[PDB]
Amino acid sequence: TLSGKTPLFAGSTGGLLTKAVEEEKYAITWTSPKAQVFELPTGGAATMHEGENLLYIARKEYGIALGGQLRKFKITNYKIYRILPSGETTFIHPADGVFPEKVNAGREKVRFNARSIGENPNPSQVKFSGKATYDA
Amino acid sequence: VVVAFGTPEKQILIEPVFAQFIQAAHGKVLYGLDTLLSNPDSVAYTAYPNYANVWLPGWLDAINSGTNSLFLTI
Amino acid sequence: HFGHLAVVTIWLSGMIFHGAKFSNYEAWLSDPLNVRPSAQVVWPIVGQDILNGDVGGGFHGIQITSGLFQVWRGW
Amino acid sequence: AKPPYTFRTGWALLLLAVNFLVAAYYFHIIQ
Amino acid sequence: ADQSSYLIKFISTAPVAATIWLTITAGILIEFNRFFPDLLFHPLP
Amino acid sequence: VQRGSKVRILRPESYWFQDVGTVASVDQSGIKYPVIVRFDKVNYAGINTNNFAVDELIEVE
Amino acid sequence: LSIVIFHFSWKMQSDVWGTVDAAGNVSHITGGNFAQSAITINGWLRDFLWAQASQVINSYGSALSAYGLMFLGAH
Amino acid sequence: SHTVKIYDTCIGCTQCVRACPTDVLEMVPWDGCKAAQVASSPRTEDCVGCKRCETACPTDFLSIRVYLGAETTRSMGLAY
Amino acid sequence: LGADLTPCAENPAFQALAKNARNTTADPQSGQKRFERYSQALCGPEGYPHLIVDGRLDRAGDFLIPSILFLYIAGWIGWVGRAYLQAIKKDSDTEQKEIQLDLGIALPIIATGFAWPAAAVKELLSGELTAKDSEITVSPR
Ligand code: CLA
Ligand code: CLA
Ligand code: CLA
Ligand code: CLA
Ligand code: CLA
Ligand SMILES: CC1=C(/C=C/C(C)=C/C=C/C(C)=C\C=C\C=C(C)\C=C\C=C(C)\C=C\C2=C(C)CCCC2(C)C)C(C)(C)CCC1
Ligand code: SF4
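Residues numbered from 1 in each chain as written, not as in the entry; some residues may be left out. Chains lettered and ligands numbered in written order. Part of a larger assembly, values for the part shown. Heavy atoms only, no water. Residues with missing side-chain atoms left out of burial classes, pairs and counts.

- Chain F appears in the PDB entry as Photosystem I reaction center subunit IV from Nostoc sp. PCC 7120.
- Recorded in the entry header as its title is "Cryo-EM structure of the tetrameric photosystem I from a heterocyst-forming cyanobacterium Anabaena sp. PCC7120".

### Overview of the side chain of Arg11(F)
Thought 1: Tracing the backbone shows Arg11(F) in the loop between β1 (6-9) and β2 (20-26).
Thought 2: Take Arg11(F): its relative accessible area is 4%, and that puts it in the buried class.
Thought 3: In this view, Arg11(F) contacts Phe17(F), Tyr33(F), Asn50(F), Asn51(F), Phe52(F), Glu56(F), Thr9(H) and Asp60(H); residues no more than four positions away in its chain are not counted. (Helix = DSSP H or I, 4+ residues; strand = E, 2+ residues; numbered from the N terminus. Buried < 20%, exposed > 50% of the residue type's maximum accessible area, 1.4 Å probe, protein only. Contact = heavy atoms within 4.5 Å.)

### Some details on the packing of aromatic side chains
Thought 1: Going through the model one piece at a time under the given rule, you end up with 31 aromatic pairs over all chains.
Thought 2: Here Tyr78(A) and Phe99(A) contribute two aromatic rings whose centre-to-centre distance is 5.3 Å and whose plane-to-plane angle is 50°, an arrangement assigned as tilted. With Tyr78(A) in the loop between α2 (60-70) and β5 (79-83) and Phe99(A) in the segment after β6 (89-93), this pair connects stretches of sequence that are 21 residues apart. Side by side, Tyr78(A) and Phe99(A) carry an identical accessibility label, which is buried.
Thought 3: When the centroid spacing of 6.0 Å and the interplanar angle of 85° are considered together, the rings of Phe8(G) and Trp17(G) count as edge-to-face.
Thought 4: Joined through ring pairs, the aromatic side chains of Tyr15(F), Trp16(F), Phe39(F), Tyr44(F) and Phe52(F) make up one cluster.
Thought 5: The ring of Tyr56(A) carries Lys25(A) above its face, with NZ or CZ at 5.0 Å from the centroid.
Thought 6: Between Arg11(F) and the ring centre of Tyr33(F), over which it is positioned, the NZ or CZ distance is 5.0 Å. (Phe/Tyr/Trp six-rings, centres within 6.5 Å; stacked < 30°, edge-to-face > 60°. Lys NZ or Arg CZ within 6 Å of the ring centre and 35° of its normal.)

### Details of the site of ligand 6
Residue and element names in this part refer to chain I.
Thought 1: Looking at ligand 6, the residues that line it are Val53, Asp54, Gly55, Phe63, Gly75, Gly78, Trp79 and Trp116.
Thought 2: Relative to its unbound accessible surface of 950 Å², ligand 6 loses 28% to contact with the protein.
Thought 3: With four residues, helix α3 (residues 60-88) is the single largest residue contributor to the shell around ligand 6.
Thought 4: When the residues that make up the shell around ligand 6 are grouped by side-chain class, the tally is four nonpolar, three polar and one charged. (Near = heavy atom within 4 Å. Areas by Shrake-Rupley, 256 points an atom, 1.4 Å probe, with all protein chains shown as cover. Nonpolar A, V, L, I, M, F, W, Y, C, P; charged D, E, K, R; others polar.)

### So, the nonpolar core
Thought 1: Ranked by size, the top nonpolar core spans 21 residues in total, and within it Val4(H), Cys16(H), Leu25(H), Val38(H), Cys53(H) and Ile64(H) carry the most contacts.
Thought 2: Contributions of two or more residues to this core are made by β1 (3-6), α1 (15-19), β2 (26-29), β3 (37-40) and β4 (64-67) of chain H.
Thought 3: In this view, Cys16(H) contacts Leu25(H), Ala39(H), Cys53(H), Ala56(H) and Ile64(H); residues no more than four positions away in its chain are not counted.
Thought 4: Judged by nonpolar contacts, the second largest core, of 20 residues, contains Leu55(A), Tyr62(A), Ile64(A) and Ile75(A). (Core = buried A, V, L, I, M, F, W, Y, C linked by side-chain atoms within 4.5 Å.)

### A short note on the site of ligand 1
Thought 1: Around ligand 1, the structure places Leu69(G), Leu72(G), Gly73(G) and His75(G).
Thought 2: In terms of residue class, the shell around ligand 1 is built from two nonpolar, two polar and no charged.

### Remarks on the interface of chain H and chain A
Interfaces are frequently sized by the accessible area removed from exposure as the parts join.
Thought 1: The partner chain A presents 34 residues to the 39 residues of chain H that form the contact.
Thought 2: For the chain H and chain A pair, buried surface summed over both sides reaches about 3,000 Å², with 56% attributable to carbon and sulfur atoms.
Thought 3: By the criterion of area lost to chain A, the three top residues of chain H are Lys5(H), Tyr7(H) and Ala79(H), representing 18% of everything that side buries.
Thought 4: Where chain H packs against chain A, one counts four salt bridges.
Thought 5: In this structure, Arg74(H) engages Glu24(A) in a salt bridge whose closest nitrogen and oxygen atoms are separated by 3.1 Å.
Thought 6: Only β1, α1, β2, β3 and β4 of chain H provide two or more residues apiece to the side of chain H that touches chain A.
Thought 7: Taken together, the residues that form the side of chain H that touches chain A break down as 20 nonpolar, 10 polar and nine charged. (Buried area = accessible area lost by both parts, 1.4 Å probe. Salt bridge = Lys/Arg side-chain N within 4 Å of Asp/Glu carboxyl O.)

### Some thoughts on the arrangement of the chains
Thought 1: Highest in contacts among the 14 pairs of chains that touch are chains A and H.
Thought 2: Nothing in chain C touches chain F, and the closest approach of their C-alpha atoms is 36 Å.
Thought 3: There is no contact between chain A and chain G; across them, the least C-alpha separation is 33 Å.

### Re the state of the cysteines
Thought 1: Applying the stated rule across the entire model yields zero disulfides over all chains.
Thought 2: Note on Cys10(H): no disulfide assigned, nearest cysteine sulfur contributed by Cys33(H) at a separation of 4.9 Å.
Thought 3: Left unpaired, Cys43(I) is separated from the closest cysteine sulfur, that of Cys8(I), by 4.0 Å.
Thought 4: By relative accessible area, which is 0% here, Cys43(I) ends up buried. (Disulfide = S-S within 2.5 Å.)

### Quick notes on the side chain of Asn52(C)
All names here are of chain C.
Thought 1: Along the chain, the position of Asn52 falls in the loop between β1 (38-39) and β2 (53-54).
Thought 2: Side-chain polar atoms of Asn52 contact the backbone oxygen of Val42, separated by 2.6 Å.
Thought 3: Among residues more than four places away in sequence, those in contact with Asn52 are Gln40, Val41, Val42, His60, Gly61 and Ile62. (Polar contact = N/O pair within 3.5 Å; in protein donor to acceptor, adjacent residues only side chain to side chain.)

### Things to note about unusual backbone geometry
Thought 1: Note the cis peptide between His93(A) and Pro94(A), where omega equals -5°.
Thought 2: Phi at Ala36(H) takes a positive value of approximately 60°, unusual for a residue other than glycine.
Thought 3: Residue position: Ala36(H) is located in the loop between β2 and β3.
Thought 4: A positive phi angle is found at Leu62(H), which is not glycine, with a value near 65°.
Thought 5: Mapping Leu62(H) onto the fold places it in the loop between α2 (52-56) and β4.

### Digging into the interface of chain H and chain F
Thought 1: Contacts between the two partners involve 11 residues from chain H and, on the opposite side, 14 residues from chain F.
Thought 2: Overall, the association of chain H and chain F removes approximately 880 Å² of surface from exposure, summing both partners, and the carbon and sulfur fraction of that is 46%.
Thought 3: When residues of chain H are sorted by the area they lose upon contact with chain F, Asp8(H), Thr9(H) and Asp60(H) head the list and together hold 54% of the total.
Thought 4: The tally of links from chain H across to chain F stands at one salt bridge.
Thought 5: Here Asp8(H) makes a salt bridge to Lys32(F), at a shortest N to O gap of 2.6 Å.
Thought 6: Between chain H and chain F we count four residue pairs in polar contact in total.

Following this line, the structure appears as structure tokens:
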């Protein structure tokens, strides 16, 4: 599914546990101009390869911490995948193809409230109704 | 500090004269204020138009004995 | 570091100065078993001259526990 | 509203007068 | 002396003015209790 | 609401509700909260500017 | 470290420090009570904290009154 | 998951999207501010609830709010 | 008054404590002059002077004279601090003047602080003592 070389480190005990085989698993891919040393989110030092890299991780936050670190190495082509135990690989970051800090067309407003927050109703007005005060 | 330094007479000791007044208003003779129920000439003692405070001798007997917790001396 | 060593040296020479001027050190040398080491005479203001206890050697003051007296006798 | 504040100071003066009455029993002015 | 203006602005800072002013106040109280001790109340004629 | 005019906040959720601020600039783009107001007091985040609407301000003169 | 210095205090007072008679027998300060009392928490509370703090609470009006004041102010 | 909602006092300074450690937030086109952009929260299932976006928000009380809700494996941040 | 109060001159316990009297200061007669001052107070059964704070003028030196003296000094202090804070708000570097005092502003203010009751009455009657409730900040209800 995913093409890449595992970075060079002698293994840690901070890697990925039984949740990977039973619940969900993440992968990060990036390419590097040269081979250089980076820090794992699990702890420890590892050498990335000159070329395509692949590093399986337990949480998505590990991949976004690593992708924030890879920007210091001037590497902005990183991709984060979500892998299920069925083998289902889905592409989540960046999902649109553009990083979320930049505006891209085709994105819609999700969970936008067209009022200020002091204009939310009282909790007693929404009591027993099954809705929250901040809904809609 | 003043008791630690061997001089306990330099303490700030304040009498609770208001709650002692209330105890003297109930007939407690120990403070010597001679007020409402501790004063036998008072209108509250005699209940002047009707004289029907039947509770009062047993009450003063109970409050003026020092052998109970009924308005302890403060 | 030099400023801090200056602080520690002021502290040390101050302890030695209290042993010089305000102590029963010479009375302690004559009888180490029956004289309690004391520097720091306390000024009498608010009844705190009770703290100047009879430590022996004809002296009244706070009995010290740092062992400067034993250090100086060993010196 | 009410720049003399005549209602709230009526009850405040009444409570203060009951206070002076209890104090007048305290200092044995009224017996 | 321009350095004297710097020293006056140093004395006028909060911890230094605090230690000077509270040292003066504590000294007044300490000296008054040296010369006139043991005033639990004001004595009356 | 003019630039440089002292105003008072009528937004209840704000840090500076019923407190005097100074107008920095007003946007004419038809946006909902155009008036940039500056304050001497900083809020709990350490910020002393906020965007306000015209309805959330009264002039202080 | 509080348990370390409590161990030192009660072990040295119970099993080491004390007076020597001319016959040679040693009478310790707390009398050898460390062996049977220090094995319970009640024994610590009673024979160490309750029993040995008799001197800091009964010290108002003596030269040791500042230590009673510091005991309360530290609490 | 937690609920992240964006109110209309946004100025589009994109700081919440940058602060977010789990990619919940993104910037979308808009016309109610000068920067012509709001923040949007499509991936609230990745939200751990750490509120760095609320720390990052410059408006006087918070164009963005996180309302802590039900807990999942992702929202609790478990690697196991 | 209450709970066995006698004058200190008549109490045997006070005169028993007066013999063994510690000296507060360096002069040898501090312990004697202490009880000679305290002899005019009322005395509990153990020998200690009990103060009476109800407000009569027989015992005014127990609490009324320290009350007037404290209220004068504390009103001085608080009034002077208020006047200094109001003095430095017009200077546009007000936060720097709170950690670094202006002596040229503060020292006339502490000099003029003897008339704080007159100034406080003149500011209460003028209406400048307080701010309006609509002009100061509050929280959402
Ligand atoms: C205003 C609130 C208040 C106050 C006054 C107290 C008062 C007290 N608590 Mg306390 N407590 C409170 C709220 C309070 N509690 C609450 C809400 C809780 C939670 C339930 C507790 C829980 C609690 C515990 C767990 C303990 C206390 C204890 C104590 C006592 C220790 C102080 C003492 O003996 O006097 C102080 C006496 C002195 C003689 C001090 C004088 C010291 C020096 C000589 C003078 C200092 C002046 C000088 C200017 C300062 C030095 C400056 C220097 C740096 C240069 C005291 C009776 C302790 C105690 O003793 O229990 C037995 C204790 O351990 N309390
Ligand atoms: C906010 C402060 C406050 C509070 C909550 C209490 C509460 C109490 N006091 Mg009290 N008291 C206070 C201040 C206070 N006192 C002051 C400042 C004094 C003067 C030293 C006293 C003197 C005092 C005596 C003599 C007695 C009590 C007693 C009591 C208890 C019963 C109720 C009562 O008699 O009220 C009395 C309260 C007052 C007379 C004053 C009310 C507080 C005022 C309004 C605040 C402003 C006072 C002001 C600073 C005075 C300046 C003095 C100057 C004008 C000369 C109760 C626990 C009684 C007791 O021991 O019960 C067992 C008791 O006999 N108090
Ligand atoms: C309200 C009651 C009261 C009052 C008025 C006092 C007042 C006093 N007590 Mg006292 N005391 C009290 C309660 C009280 N106490 C209580 C309750 C207790 C029992 C716990 C005691 C126990 C007690 C003892 C045991 C002693 C005092 C002493 C003193 C006196 C001097 C304070 C002192 O040593 O300063 C200390 C000041 C210094 C050490 C100097 C200040 C430091 C200078 C400024 C330099 C430091 C900074 C500088 C920059 C460093 C240089 C570094 C370099 C790089 C430049 C003072 C008169 C002492 C005394 O009598 O003096 C002989 C003393 O030994 N008190
Ligand atoms: C408050 C007065 C006071 C002063 C100035 C001293 C001073 C001293 N004592 Mg002493 N002592 C006191 C009270 C005092 N003691 C009391 C109440 C007792 C109980 C009876 C004792 C019992 C005692 C014994 C048993 C012994 C001493 C010893 C000493 C010396 C050790 C130096 C020292 O203090 O450590 C230095 C301390 C520090 C560096 C830490 C103190 C932290 C700061 C500097 C103090 C607070 C500063 C300031 C007031 C706080 C406000 C500032 C803050 C808000 C920023 C020195 C001469 C020993 C000695 O060798 O005698 C010569 C010794 O054996 N003292
Ligand atoms: C300018 C000085 C000043 C003045 C006039 C006031 C006035 C007031 N304060 Mg206060 N306050 C101050 C400083 C001051 N504060 C500071 C510095 C603090 C931080 C410690 C506080 C903390 C504080 C609390 C926590 C509370 C008040 C409250 C109050 C109110 C009731 C009176 C009271 O509790 O006083 C007593 C105040 C204190 C014991 C705090 C310490 C006061 C310091 C020692 C005095 C400051 C001196 C000043 C720096 C000198 C400036 C001189 C200038 C020329 C350089 C009253 C409006 C109460 C309130 O809201 O009631 C409605 C209340 O709950 N204040
Ligand atoms: C006589 C007497 C008494 C009584 C008393 C009383 C009871 C009173 C009350 C009182 C009261 C009940 C009062 C109230 C008040 C109120 C108010 C309203 C006030 C306020 C004030 C102010 C506001 C302040 C200001 C200031 C100044 C003045 C200065 C400084 C600064 C300041 C700002 C702080 C007793 C028994 C104790 C004792 C004996 C005697
Ligand atoms: S709470 Fe955390 S994960 Fe959620 S939107 Fe804020 S910064 Fe992102």
